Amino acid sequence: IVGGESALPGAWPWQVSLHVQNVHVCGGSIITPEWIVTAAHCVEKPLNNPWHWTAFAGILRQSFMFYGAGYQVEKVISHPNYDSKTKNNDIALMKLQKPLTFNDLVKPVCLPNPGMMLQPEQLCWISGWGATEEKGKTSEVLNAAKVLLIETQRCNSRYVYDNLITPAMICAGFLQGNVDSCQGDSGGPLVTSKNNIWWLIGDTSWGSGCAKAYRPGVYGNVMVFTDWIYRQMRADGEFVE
C-alpha cells in the first residue's frame, strides 16, 4: 500500500497474509471459515500446489506470523480462464484444511451480489502488507488506504491502460497517483461499505509501477466471479451435481 497508513486490529478482519516458505507472498480475503479469495497470479507454477501455502488471519505484524501460528491451505483453485499474459480473470480460491475461528479480529467479508449499484467513483479501501513504495519490500505492518473506483472507459484511455481493462477487471485509485496498491498487496481486498455492510469488490491484480500518475490499480472484478465462487464452494465435497 502506497500512501496509506497502518491498520488498527479488527479494522480489516478478512485480510490474510499468504505465506510460502515462511514469508509473505500475497494477500487474501476471508469469505467463509475455510475459503479465501486471492489472485491467480500468486499461485502460478511453481506455487500452484497447496502444500506451499499457509494463511495468517488476525495478525497485523509479519514478524508475528511464524510457522505454527498460521493455517495450512488444502486446495488452490485458479480461475479456469485465468490468462497470465493479460492478467484476465486474475482470481483464485484457497481452501484451508482447518476452519478459522471467527472473533473480533478474524471475520469474513461479503461476496458482492449483482445489483450493488455502486457509484462510478465509489469510495473503497485497499489493505495489505505490500511495498509502501514501488519495488519496495513487504511491509511489517498491515496498511490500508482509501481509493476510488475509476470508470473502466476512463481507465482504458490511451493515456491510461490502452484498452487493457477487461470486464473481469476494475480500476481503482487516483489518476494523479500517490495512493495505490503495490507488489505484495496482490490477492488482497478492495472493499466498499454499502447498506452498512463491507463488500469484496476486488482482488488486487496488477498495475504499472505503484502510485504513478495515469497508472491506477487494477483489481479482479469479484462480482463477475461470485457464481463461480459459489460453484467451487459447492463442488467441494460433492459427488454429483
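For clarity, a rigid core is taken as the largest C-alpha set superposing within 1.5 Å between two forms. From 1 onward, residues are counted along the sequence shown.
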#### Entry: in 7 other deposited structures of this protein, rigid core aligned: more displaced of 65-73 and 42-50 by C-alpha RMS
65-73
### Stretch with greater C-alpha deviation in 7 other deposited structures of this protein, 229-237 versus 18-26 (rigid core superposition)
229-237
### Given 232-240 and 4-12, the range whose Cα B-factors average higher in the PDB entry
232-240
### Message
Tell me which stretch, 67-75 or 130-138, has the higher mean Cα B-factor listed in the entry.
### Response
67-75
### Of the residues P112, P108, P167, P120, the one carrying the largest Cα B-factor as recorded
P120
#### Entry: Relative C-alpha B-factor of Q176, binned into the chain's lowest, middle or highest third
highest
## Note on the structure
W125: CA temperature factor from the record, placed by chain third, in the lowest
### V37 - which third its CA temperature factor falls in, relative to the rest of the chain
lowest
### Message
For the chain shown, is the CA B-factor of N88 in the lowest, middle or highest third of its modelled residues?
### Response
middle
### Query
What third of its chain's C-alpha B-factors does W199 belong to: lowest, middle or highest?
lowest
